[PDB]
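Here you get one chain, nothing else, as structure tokens; it is the form deposited in one PDB entry.
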């Protein structure tokens, strides 16, 4: 998986990332003389502590093979350290939704939620807990294809047991997925706008939940509310979410 630097032509900055900016580029590779790629960069990669955390992402991504999870291409492990990934040419999901807010039909938003459920059902099948499911970590490969893209605390996405006890499980992933579904149906608006991170848990324990997005089908909003059961053991699993989303999507396409 090591790629010689000379094989990479660093292009335009596409977006921000957790450890540094992400660029598009070209990988002049034996298998393909001009492969379009994404290049993740890492500021402070001279710190062994940061460089280790950054490169853990590569190791994690390499374990997975799913149509809606971005693929690792390779790594450059000399400074400046880079991760070379599959390029999703339409970029970050939040920006995509905001920009195409009045061009994307309801069926598209539901499709994106369903596709993400397929990736998350796959991760569940491997007993892998993600811990940071949110629209910011989803990328857009085509108008009909999103991919999970990334492997201080995101309090406004987190399940109550994660905020209170730093417990992260398959069940807490489902709570976060419910929030991500809300975000999609809100065309990339953040949850709990105007609320301080410290006040979120109080509202959750008081039984408050994100309201039904405009134009959201009632079946879909109800699925979100199931994800937001206070008791983790009452939350659905991703097999059930996938199934229900598939039915909602088909219903919507039949309108």
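Numbering follows the first chain given and starts at 1.
If you look for the form deposited with a small molecule bound, you will not find it shown, but the lines that follow are about it.
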Tell me, yes or no, whether residue 38 is in contact with the small molecule in the bound PDB entry, where a contact means a heavy atom of each within 4.5 Å. yes
I'd like to know whether residue 139 contacts the small molecule in the bound PDB entry, with contact meaning heavy atoms within 4.5 angstroms. yes
Interface membership of residue 164, the small molecule in the bound PDB entry, 4.5 Å heavy atom rule: no
Are any of the heavy atoms in residue 14 no more than 4.5 Å from a heavy atom of the small molecule in the bound PDB entry? yes
If the cut-off is 4.5 angstroms on heavy atoms, which of these, 85, 76, 110, 176, is the one near the small molecule in the bound PDB entry? 85
Region of this chain that lies against the small molecule in the bound PDB entry, out of 179 to 187, 114 to 122, 142 to 150, 164 to 172 [heavy atom, 4.5 Å]: 142 to 150
